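# let's see this in three dimensions:
(chains A and B)
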Amino acid sequence: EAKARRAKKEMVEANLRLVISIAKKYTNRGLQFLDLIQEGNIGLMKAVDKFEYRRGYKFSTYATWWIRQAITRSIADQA
DNA sequence: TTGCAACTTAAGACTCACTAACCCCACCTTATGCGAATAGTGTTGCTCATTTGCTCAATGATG
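Numbering: from 1, shown residues only, chains lettered A, B, ... in the order given. Take a look at the structure below.
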């Protein structure tokens, strides 16, 4: 279990540049920036929880959906 | 001679600036879909308190 968590932390630590890169889009919707980066961090955590590698795709395309889920979810109910 | 307290200078952060009044305008938005859950609300059979109209009931005042 601890080994698996080390792997998952390691992957998240890889994909932070992805999450700020997508985080540039929806900035000025009446919320602050680091709220977006943290929500997106949650979203990529969930995307790590739901990714499989034997599918054969690049991780980012699958991850994108969970990130927009977290962002648009968060600004949606935090209007 | 060399460290060391002591004095001197400079750099930087914070606070702070009259009193009252009147008039005007400008103010802050984009996934879909699905099921599950929940809140709401709808219906109904059934209470509980509260005001009036009214009757008994007696007792001294009056015929």
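# helix or strand for the residue nearest the centre of chain A, just tell me which one.
Taking CA atoms, centre = their mean, the centroid of chain A lies closest to residue A:44, which sits 2.7 Å from it. According to DSSP states H and E, residue A:44 maps onto helix A:33-49.
# outside of that helix, which residues touch it?
A:8, A:11-12, A:15-16, A:18-20, A:22-23, A:26-27, A:59, A:62-63, A:65-71, A:73-74 (CB atoms under 8 Å, 6 or more residues apart in numbering). C-betas here are computed from N, CA, C, even on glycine.
# quick check: phi and psi on residue A:56?
phi 100, psi 30 (degrees, to the nearest 10).
# for the one 3 residues further on, same thing?
Listed backbone geometry of residue A:59 is phi -70, psi -30, with angles given as degrees, to the nearest 10.
# my guess is it meets residue A:15, correct?
Yes. Counting by CB atoms under 8 Å, residue A:15 is a contact partner of residue A:59 at 7.2 Å.
# and the residue of chain A found nearest DNA strand B, which of the three is it?
Residue of chain A nearest DNA strand B, by CB to the nearest atom of the strand: residue A:69 (4.4 Å). Classification of residue A:69 by DSSP: H, G, I helix; E, B strand; the rest coil places it in helix.
# how many neighbours does the nearest residue to it once chain neighbours are set aside have?
Among residues not flanking residue A:69 along the chain, residue A:43 sits closest, at 5.9 Å (CB to CB, 6 or more residues apart in numbering). Residue A:43 has 23 neighbours, counted by other CB atoms under 10 Å.
# show me which residues of chain A sit near DNA strand B.
Counting by CB under 7 Å from any atom of the strand, the residues of chain A lying close to DNA strand B are A:65, A:68, A:69, A:72, A:76, A:79.
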